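J.: Below you'll find target06.cif; it's mmCIF, C-alpha atoms (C1' of nucleotides).
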data_data
#
loop_
_atom_site.label_atom_id
_atom_site.label_comp_id
_atom_site.auth_asym_id
_atom_site.auth_seq_id
_atom_site.Cartn_x
_atom_site.Cartn_y
_atom_site.Cartn_z
CA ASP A 2 114.16 74.93 164.25
CA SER A 3 114.49 72.14 166.83
CA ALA A 4 112.98 68.90 165.50
CA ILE A 5 114.69 67.04 168.32
CA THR A 6 113.74 63.37 168.62
CA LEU A 7 114.68 61.05 171.47
CA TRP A 8 116.66 58.40 169.58
CA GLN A 9 118.58 61.32 168.13
CA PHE A 10 119.02 62.93 171.55
CA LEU A 11 120.63 59.67 172.58
CA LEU A 12 123.33 60.30 169.98
CA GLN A 13 124.34 63.69 171.26
CA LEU A 14 124.13 62.39 174.81
CA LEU A 15 125.70 59.16 173.58
CA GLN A 16 128.63 60.77 171.79
CA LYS A 17 129.71 63.09 174.59
CA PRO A 18 131.83 61.95 177.59
CA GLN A 19 130.04 64.49 179.78
CA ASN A 20 127.31 62.01 180.71
CA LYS A 21 129.40 58.83 180.56
CA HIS A 22 128.15 57.98 184.06
CA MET A 23 124.48 57.79 183.08
CA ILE A 24 124.61 56.89 179.38
CA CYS A 25 127.34 54.76 177.80
CA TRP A 26 127.66 52.24 174.99
CA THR A 27 128.24 48.49 175.02
CA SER A 28 129.54 46.43 172.10
CA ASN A 29 130.26 48.23 168.82
CA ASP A 30 127.13 47.32 166.86
CA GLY A 31 125.43 50.31 168.47
CA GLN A 32 124.28 48.68 171.72
CA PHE A 33 124.33 50.76 174.91
CA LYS A 34 123.25 51.26 178.51
CA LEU A 35 121.44 53.76 180.73
CA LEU A 36 123.33 53.59 184.01
CA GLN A 37 121.63 56.64 185.47
CA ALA A 38 118.16 56.60 183.91
CA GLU A 39 116.18 59.09 185.98
CA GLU A 40 118.82 61.70 185.10
CA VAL A 41 119.01 60.84 181.42
CA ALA A 42 115.27 61.55 181.36
CA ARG A 43 116.05 64.54 183.59
CA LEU A 44 118.09 65.82 180.68
CA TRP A 45 115.28 64.81 178.33
CA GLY A 46 112.58 66.75 180.15
CA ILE A 47 114.62 69.94 180.10
CA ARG A 48 114.46 69.35 176.37
CA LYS A 49 110.87 69.63 175.16
CA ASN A 50 109.74 71.45 178.30
CA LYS A 51 108.77 68.23 180.10
CA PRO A 52 109.87 69.05 183.68
CA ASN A 53 107.83 66.06 184.81
CA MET A 54 109.76 63.53 182.76
CA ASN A 55 111.23 60.32 184.11
CA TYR A 56 112.25 56.79 183.14
CA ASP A 57 108.79 55.25 183.73
CA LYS A 58 107.93 57.73 181.03
CA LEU A 59 111.03 58.10 178.82
CA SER A 60 111.11 54.29 178.91
CA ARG A 61 107.77 54.03 177.10
CA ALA A 62 108.98 56.29 174.33
CA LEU A 63 111.73 53.73 173.75
CA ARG A 64 109.36 50.80 174.12
CA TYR A 65 107.40 52.06 171.11
CA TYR A 66 110.55 52.34 169.02
CA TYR A 67 110.66 48.59 169.60
CA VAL A 68 107.90 48.11 167.08
CA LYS A 69 108.83 51.27 165.18
CA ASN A 70 112.08 49.36 164.77
CA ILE A 71 114.55 52.02 165.95
CA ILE A 72 115.74 50.61 169.29
CA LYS A 73 115.15 47.16 170.80
CA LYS A 74 115.72 45.79 174.30
CA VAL A 75 118.36 43.25 175.33
CA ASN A 76 116.95 40.43 177.46
CA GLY A 77 118.29 40.94 180.96
CA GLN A 78 120.87 43.70 180.46
CA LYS A 79 118.93 46.11 182.68
CA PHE A 80 119.25 49.65 181.31
CA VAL A 81 120.75 48.22 178.11
CA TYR A 82 119.04 48.85 174.77
CA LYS A 83 120.44 49.14 171.24
CA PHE A 84 119.79 50.89 167.94
CA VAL A 85 118.32 48.37 165.49
CA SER A 86 120.75 48.98 162.65
CA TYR A 87 123.99 50.74 163.52
CA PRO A 88 126.02 52.61 162.54
CA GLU A 89 124.06 53.27 159.34
CA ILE A 90 121.54 55.43 161.21
CA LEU A 91 124.35 57.91 161.89
CA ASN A 92 124.22 60.18 158.85
CA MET A 93 127.28 62.14 159.99
CA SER A 137 83.86 64.95 147.47
CA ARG A 138 82.37 65.57 150.91
CA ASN A 139 79.33 63.40 150.21
CA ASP A 140 81.41 60.26 149.70
CA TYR A 141 79.44 58.56 152.49
CA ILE A 142 76.14 58.98 150.67
CA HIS A 143 77.53 56.78 147.90
CA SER A 144 79.16 54.04 149.97
CA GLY A 145 76.36 51.51 150.27
CA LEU A 146 76.34 52.16 154.01
CA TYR A 147 74.35 55.36 154.17
CA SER A 148 70.58 55.56 154.46
CA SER A 149 68.21 58.42 155.14
CA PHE A 150 64.46 58.38 155.54
CA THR A 151 61.68 59.44 157.90
CA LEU A 152 60.17 58.43 161.24
CA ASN A 153 56.61 58.39 159.94
CA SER A 154 57.48 56.02 157.10
CA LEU A 155 58.23 53.51 159.86
CA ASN A 156 54.50 52.75 159.85
CA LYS B 138 87.78 91.38 154.33
CA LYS B 139 84.41 90.37 152.87
CA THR B 140 82.88 87.73 155.16
CA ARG B 141 83.55 87.39 158.89
CA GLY B 142 84.50 83.76 158.31
CA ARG B 143 83.59 80.98 160.75
CA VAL B 144 82.23 82.74 163.82
CA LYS B 145 82.50 81.21 167.28
CA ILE B 146 79.21 80.14 168.86
CA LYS B 147 77.94 79.22 172.32
CA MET B 148 77.87 75.45 172.56
CA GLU B 149 74.24 75.43 173.59
CA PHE B 150 70.93 74.96 171.76
CA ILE B 151 70.79 77.32 168.81
CA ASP B 152 67.49 79.15 169.32
CA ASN B 153 66.84 80.27 165.72
CA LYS B 154 65.00 77.71 163.58
CA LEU B 155 66.88 78.96 160.53
CA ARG B 156 70.39 78.90 161.97
CA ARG B 157 69.68 75.69 163.84
CA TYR B 158 68.35 73.68 160.89
CA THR B 159 71.16 74.97 158.72
CA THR B 160 73.72 73.98 161.33
CA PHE B 161 72.18 70.57 161.81
CA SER B 162 72.72 70.15 158.12
CA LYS B 163 76.29 71.19 157.74
CA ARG B 164 77.30 69.41 160.92
CA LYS B 165 75.36 66.33 159.83
CA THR B 166 77.47 66.17 156.72
CA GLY B 167 80.76 66.39 158.56
CA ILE B 168 80.03 63.86 161.26
CA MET B 169 78.73 61.42 158.63
CA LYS B 170 81.91 61.87 156.66
CA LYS B 171 83.89 61.39 159.86
CA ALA B 172 82.10 58.11 160.52
CA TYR B 173 82.84 56.92 157.03
CA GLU B 174 86.53 57.88 157.29
CA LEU B 175 86.94 56.49 160.80
CA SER B 176 85.59 53.18 159.58
CA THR B 177 87.46 53.05 156.29
CA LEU B 178 90.66 54.48 157.77
CA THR B 179 90.71 51.90 160.55
CA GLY B 180 88.51 49.12 159.23
CA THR B 181 86.42 49.33 162.41
CA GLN B 182 82.65 48.87 162.77
CA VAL B 183 80.82 52.18 163.27
CA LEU B 184 77.17 53.19 163.46
CA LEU B 185 75.83 56.71 163.45
CA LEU B 186 72.15 57.73 163.53
CA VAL B 187 70.89 61.29 163.32
CA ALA B 188 67.24 62.35 163.62
CA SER B 189 66.28 65.81 162.36
CA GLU B 190 63.78 68.01 164.15
CA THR B 191 61.75 67.74 161.00
CA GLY B 192 61.57 63.97 161.41
CA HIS B 193 64.15 62.82 158.90
CA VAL B 194 66.18 59.95 160.24
CA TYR B 195 69.65 59.80 158.68
CA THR B 196 71.92 56.84 159.27
CA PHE B 197 75.36 55.42 158.57
CA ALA B 198 76.39 51.91 159.52
CA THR B 199 79.16 49.53 158.64
CA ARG B 200 78.39 46.08 157.19
CA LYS B 201 78.24 44.19 160.49
CA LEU B 202 76.13 46.84 162.21
CA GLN B 203 73.72 47.21 159.30
CA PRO B 204 71.28 44.82 161.07
CA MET B 205 71.00 47.54 163.66
CA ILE B 206 68.88 49.64 161.37
CA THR B 207 67.68 47.39 158.56
CA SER B 208 66.43 44.51 160.64
CA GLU B 209 62.73 44.64 161.44
CA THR B 210 63.89 44.30 165.05
CA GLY B 211 66.17 47.29 165.30
CA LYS B 212 64.07 49.19 162.81
CA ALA B 213 61.37 49.02 165.47
CA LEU B 214 63.82 49.80 168.28
CA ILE B 215 64.60 53.14 166.63
CA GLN B 216 60.89 53.78 166.21
CA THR B 217 60.30 53.08 169.88
CA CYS B 218 63.04 55.51 170.89
CA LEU B 219 62.52 58.52 168.66
CA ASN B 220 58.82 58.40 169.49
CA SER B 221 59.20 58.50 173.27
CA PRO B 222 57.76 61.70 174.84
CA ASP B 223 60.08 64.65 175.33
CA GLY C 137 112.05 74.52 159.71
CA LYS C 138 109.38 74.14 162.38
CA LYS C 139 109.53 71.86 165.42
CA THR C 140 107.14 69.36 163.82
CA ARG C 141 105.78 68.39 160.39
CA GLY C 142 102.43 69.61 161.64
CA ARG C 143 99.36 67.83 160.36
CA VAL C 144 100.08 65.55 157.41
CA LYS C 145 97.70 64.75 154.55
CA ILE C 146 96.77 61.09 154.70
CA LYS C 147 95.56 58.57 152.11
CA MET C 148 91.84 57.81 152.51
CA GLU C 149 92.39 54.08 152.73
CA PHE C 150 92.75 51.48 155.45
CA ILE C 151 96.06 52.02 157.22
CA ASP C 152 98.29 48.97 157.62
CA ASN C 153 100.85 50.24 160.15
CA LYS C 154 99.14 48.86 163.24
CA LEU C 155 100.47 51.69 165.42
CA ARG C 156 99.67 54.54 163.04
CA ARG C 157 96.25 52.94 162.73
CA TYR C 158 95.58 52.46 166.45
CA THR C 159 96.69 56.06 166.97
CA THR C 160 94.43 57.58 164.34
CA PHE C 161 91.58 55.47 165.68
CA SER C 162 92.18 57.13 169.02
CA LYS C 163 92.44 60.68 167.81
CA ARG C 164 89.48 60.23 165.50
CA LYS C 165 87.38 58.26 167.95
CA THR C 166 87.90 61.09 170.38
CA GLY C 167 86.64 63.62 167.88
CA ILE C 168 83.63 62.13 166.10
CA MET C 169 82.44 61.44 169.57
CA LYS C 170 82.96 65.06 170.34
CA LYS C 171 80.96 65.81 167.24
CA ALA C 172 78.11 63.51 168.22
CA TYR C 173 77.84 65.76 171.22
CA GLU C 174 77.98 69.32 169.84
CA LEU C 175 75.47 68.44 167.09
CA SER C 176 72.93 66.84 169.39
CA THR C 177 73.66 69.73 171.77
CA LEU C 178 73.72 72.72 169.46
CA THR C 179 70.67 71.50 167.51
CA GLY C 180 68.91 69.49 170.18
CA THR C 181 68.51 66.36 168.14
CA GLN C 182 68.68 62.67 169.06
CA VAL C 183 72.02 61.13 168.13
CA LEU C 184 73.51 57.70 168.50
CA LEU C 185 77.06 56.74 167.77
CA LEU C 186 78.92 53.55 168.37
CA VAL C 187 82.48 52.64 167.49
CA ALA C 188 83.98 49.23 168.15
CA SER C 189 87.78 48.99 168.44
CA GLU C 190 89.44 46.11 166.61
CA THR C 191 90.55 45.08 170.08
CA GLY C 192 87.02 44.50 171.34
CA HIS C 193 85.73 47.48 173.33
CA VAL C 194 82.69 49.46 172.21
CA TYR C 195 82.80 53.21 172.72
CA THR C 196 79.48 55.00 172.28
CA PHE C 197 77.39 58.13 172.70
CA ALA C 198 73.65 58.56 172.81
CA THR C 199 71.03 61.16 173.46
CA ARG C 200 68.30 60.47 176.00
CA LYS C 201 65.60 59.17 173.67
CA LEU C 202 68.15 56.79 172.14
CA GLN C 203 69.90 55.41 175.19
CA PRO C 204 67.85 52.17 174.95
CA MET C 205 69.55 51.46 171.63
CA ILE C 206 72.45 50.44 173.83
CA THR C 207 70.80 50.35 177.25
CA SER C 208 67.74 48.12 176.83
CA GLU C 209 68.18 44.35 176.74
CA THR C 210 66.69 44.00 173.27
CA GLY C 211 69.33 46.44 172.08
CA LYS C 212 72.50 45.22 173.81
CA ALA C 213 71.45 41.84 172.46
CA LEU C 214 71.26 43.12 168.90
CA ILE C 215 74.60 44.93 169.21
CA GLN C 216 76.35 41.74 170.34
CA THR C 217 74.87 39.76 167.48
CA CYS C 218 75.90 42.39 164.97
CA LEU C 219 79.45 42.81 166.25
CA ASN C 220 79.80 39.03 166.58
CA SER C 221 78.57 38.33 163.05
CA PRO C 222 81.16 36.54 160.86
CA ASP C 223 83.74 38.55 158.93
"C1'" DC D 1 107.93 42.22 198.41
"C1'" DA D 2 110.70 45.22 195.31
"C1'" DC D 3 111.80 46.92 190.62
"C1'" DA D 4 112.56 47.15 185.83
"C1'" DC D 5 109.97 46.06 181.71
"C1'" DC D 6 105.58 45.25 178.83
"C1'" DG D 7 101.98 47.42 176.52
"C1'" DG D 8 96.93 49.41 176.31
"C1'" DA D 9 94.48 54.10 176.30
"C1'" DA D 10 94.02 58.73 175.75
"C1'" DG D 11 96.17 63.45 176.13
"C1'" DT D 12 100.05 67.43 174.90
"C1'" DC D 13 102.45 70.22 171.38
"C1'" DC D 14 103.14 72.53 166.63
"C1'" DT D 15 101.32 72.71 162.53
"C1'" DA D 16 99.22 72.06 158.51
"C1'" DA D 17 94.66 70.01 156.81
"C1'" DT D 18 89.65 70.26 157.38
"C1'" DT D 19 85.38 72.04 159.05
"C1'" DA D 20 81.69 75.13 159.72
"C1'" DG D 21 79.27 80.14 160.77
"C1'" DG D 22 77.31 84.16 158.13
"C1'" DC D 23 74.97 84.94 153.94
"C1'" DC D 24 73.03 84.16 148.96
"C1'" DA D 25 71.80 80.73 145.84
"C1'" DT D 26 69.69 76.50 144.42
"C1'" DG E 1 63.37 72.76 154.47
"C1'" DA E 2 68.02 70.87 152.89
"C1'" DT E 3 72.20 71.72 150.57
"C1'" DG E 4 75.76 74.04 147.49
"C1'" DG E 5 79.55 77.41 147.93
"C1'" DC E 6 82.38 81.51 148.92
"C1'" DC E 7 85.20 83.86 152.33
"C1'" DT E 8 87.52 83.28 156.24
"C1'" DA E 9 88.33 81.70 161.01
"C1'" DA E 10 87.55 77.89 164.04
"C1'" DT E 11 88.70 73.04 165.04
"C1'" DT E 12 90.67 68.85 164.03
"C1'" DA E 13 94.08 65.52 163.51
"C1'" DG E 14 99.35 63.24 162.07
"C1'" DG E 15 103.72 62.42 164.15
"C1'" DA E 16 106.26 61.80 167.88
"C1'" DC E 17 105.95 61.73 172.50
"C1'" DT E 18 103.83 62.14 176.99
"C1'" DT E 19 100.79 60.49 181.18
"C1'" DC E 20 98.44 56.98 183.91
"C1'" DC E 21 99.19 52.57 185.06
"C1'" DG E 22 97.64 47.45 185.91
"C1'" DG E 23 100.15 43.04 184.44
"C1'" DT E 24 104.74 40.21 184.19
"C1'" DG E 25 109.60 38.40 185.00
"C1'" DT E 26 113.31 37.80 187.51
#
Produce structure tokens that represent the structure in this file.
T.:
Amino acid sequence: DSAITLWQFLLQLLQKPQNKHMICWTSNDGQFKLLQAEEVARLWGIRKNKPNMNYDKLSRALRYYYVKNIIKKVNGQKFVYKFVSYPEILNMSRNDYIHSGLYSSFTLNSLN
Amino acid sequence: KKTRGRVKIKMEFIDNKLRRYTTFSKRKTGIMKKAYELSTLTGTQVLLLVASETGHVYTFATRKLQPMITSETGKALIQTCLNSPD
Amino acid sequence: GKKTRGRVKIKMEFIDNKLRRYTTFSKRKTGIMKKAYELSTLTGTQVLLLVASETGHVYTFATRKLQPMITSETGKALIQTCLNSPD
DNA sequence: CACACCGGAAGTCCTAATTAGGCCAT
DNA sequence: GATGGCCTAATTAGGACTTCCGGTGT
């Protein structure tokens, strides 16, 4: 009954002192930073049996969120992203083609 | 159980005129559909052409690629091809 | 419940979410193309398929007798015209 | 030169939709 | 021949990320 999703992961790993050396906040609007990336993703991989995970990878996941509007990137602030809107996000007829004016069947012979 | 349900088959020429022609049919319907959905689902140009052993040439083509099969030009290009020796 | 919503029923209409769309075009482009194969293979018929991504590229499949459709000069020419025709 | 980032493409994973083989009818 | 359909069992995708990276910026 997992259903684990990155952004969420970074709210279990971003609400526990344990990994305050790799992942920590910044500001209070939700912003944060990945001090020790490779390990954060090291944690990630364990989760979702991805033993070959890493930042060059985990990064991309985040990068999509950019457009999926869940986490953007702060110009400069290396290793510093932020959750778009915080703290709100806390919560705690088969033949259709034949009749499409695109289809067309016939015969080779009829091609004169 | 009544019917064996979809049976797995060697992905190689079906050597049974009956089974083959029947397959070519069913699969021709699906792939056509697919083309139609691919194009309508993603507004992308798409052109499929399928020639039956019996000689029936079936074809799907989006607006911009229609000239591929309705133009006298391409119409003849298809002729040229499907008539080349085995 | 499960670890993922599994496959979700989609609306048979153009998708606006550029990502969702680009994705589906990938997954689907991968498959129809697989289909073009198995059919032509299983039945031994000539088959030609051609998909053009809204980004520009033109993925395609063809059986021997049809290669020219996309190989020959008369063909490639026609394909360009078509794809370049006004919207 | 290094290193984060950017993104395109296409490929897992899990599931829940969709196809497609045997067979009989049209 | 070419399909329609049933009964089931194979294959596809949708979503949500993963994998390869070749370009940038700084």
J.: Please return, as a list in words, all residues of chain A lying within 7 Å of chain C when only C-alpha atoms are considered.
T.: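 Close to chain C, chain A has residues 2, 3 and 4 of chain A.
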J.: Considering only C-alpha atoms, tabulate each residue of chain B that lies at most 6 Å from chain C along with its nearest interatomic pair and the corresponding distance in Å to one decimal; arrange the rows by chain and ascending residue number and present them as JSON lines.
T.:
{"residue": "B:148", "atom": "CA", "partner": "C:178", "partner_atom": "CA", "distance": 5.9}
{"residue": "B:149", "atom": "CA", "partner": "C:178", "partner_atom": "CA", "distance": 5.0}
{"residue": "B:150", "atom": "CA", "partner": "C:178", "partner_atom": "CA", "distance": 4.3}
{"residue": "B:151", "atom": "CA", "partner": "C:178", "partner_atom": "CA", "distance": 5.5}
{"residue": "B:157", "atom": "CA", "partner": "C:179", "partner_atom": "CA", "distance": 5.7}
{"residue": "B:161", "atom": "CA", "partner": "C:179", "partner_atom": "CA", "distance": 6.0}
{"residue": "B:177", "atom": "CA", "partner": "C:150", "partner_atom": "CA", "distance": 5.6}
{"residue": "B:178", "atom": "CA", "partner": "C:150", "partner_atom": "CA", "distance": 4.3}
{"residue": "B:179", "atom": "CA", "partner": "C:150", "partner_atom": "CA", "distance": 5.5}
{"residue": "B:182", "atom": "CA", "partner": "C:188", "partner_atom": "CA", "distance": 5.6}
{"residue": "B:183", "atom": "CA", "partner": "C:187", "partner_atom": "CA", "distance": 4.6}
{"residue": "B:184", "atom": "CA", "partner": "C:186", "partner_atom": "CA", "distance": 5.2}
{"residue": "B:185", "atom": "CA", "partner": "C:185", "partner_atom": "CA", "distance": 4.5}
{"residue": "B:186", "atom": "CA", "partner": "C:184", "partner_atom": "CA", "distance": 5.2}
{"residue": "B:187", "atom": "CA", "partner": "C:183", "partner_atom": "CA", "distance": 4.9}
{"residue": "B:188", "atom": "CA", "partner": "C:182", "partner_atom": "CA", "distance": 5.6}
{"residue": "B:201", "atom": "CA", "partner": "C:218", "partner_atom": "CA", "distance": 5.4}
{"residue": "B:202", "atom": "CA", "partner": "C:218", "partner_atom": "CA", "distance": 5.2}
{"residue": "B:218", "atom": "CA", "partner": "C:201", "partner_atom": "CA", "distance": 5.3}
{"residue": "B:219", "atom": "CA", "partner": "C:201", "partner_atom": "CA", "distance": 5.9}
J.: Using the chain letters and numbers from this file, what does the PyMOL selection byres ((chain E and resi 25) around 10) select? Give the answer as a PyMOL selection string.
T.: (chain A and resi 77) or (chain D and resi 4-5) or (chain E and resi 24+26)
J.: Quick one: distance from atom CA of residue 137 of chain A to atom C1' of residue 2 of chain E in Å, one decimal?
T.: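 Computing the Euclidean distance for atom CA of residue 137 of chain A and atom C1' of residue 2 of chain E yields 17.8 Å.
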J.: Would you kindly translate the PyMOL selection byres ((chain E) within 10 of (chain A)) into the concrete residues it picks from this file, as a ChimeraX atom specification?
T.: /E:16-20,25-26
J.: For the selection just defined, write its residues with C-alpha atoms (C1' of nucleotides) to a file, as a CSV table (one decimal), in the coordinates of the input.
T.:
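Result file is result_1.csv:
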chain,number,residue,atom,x,y,z
E,16,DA,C1',106.3,61.8,167.9
E,17,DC,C1',106.0,61.7,172.5
E,18,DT,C1',103.8,62.1,177.0
E,19,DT,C1',100.8,60.5,181.2
E,20,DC,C1',98.4,57.0,183.9
E,25,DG,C1',109.6,38.4,185.0
E,26,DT,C1',113.3,37.8,187.5
J.: The PyMOL selection byres ((chain E and resi 1) around 10) on the file shown: which residues, as number ranges by chain?
T.: B: 155, 158-159, 191; E: 2-3
J.: Chain B near chain E within 7 Å: what's each residue's closest atom pair and its distance in Å to one decimal, counting only C-alpha atoms (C1' of nucleotides), ordered by chain then ascending residue number, as a tab-separated table?
T.:
residue	atom	partner	partner_atom	distance
B:139	CA	E:7	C1'	6.6
B:140	CA	E:7	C1'	5.3
B:141	CA	E:8	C1'	6.3
B:142	CA	E:8	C1'	3.7
B:143	CA	E:9	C1'	4.8
B:144	CA	E:9	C1'	6.8
B:145	CA	E:10	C1'	6.9
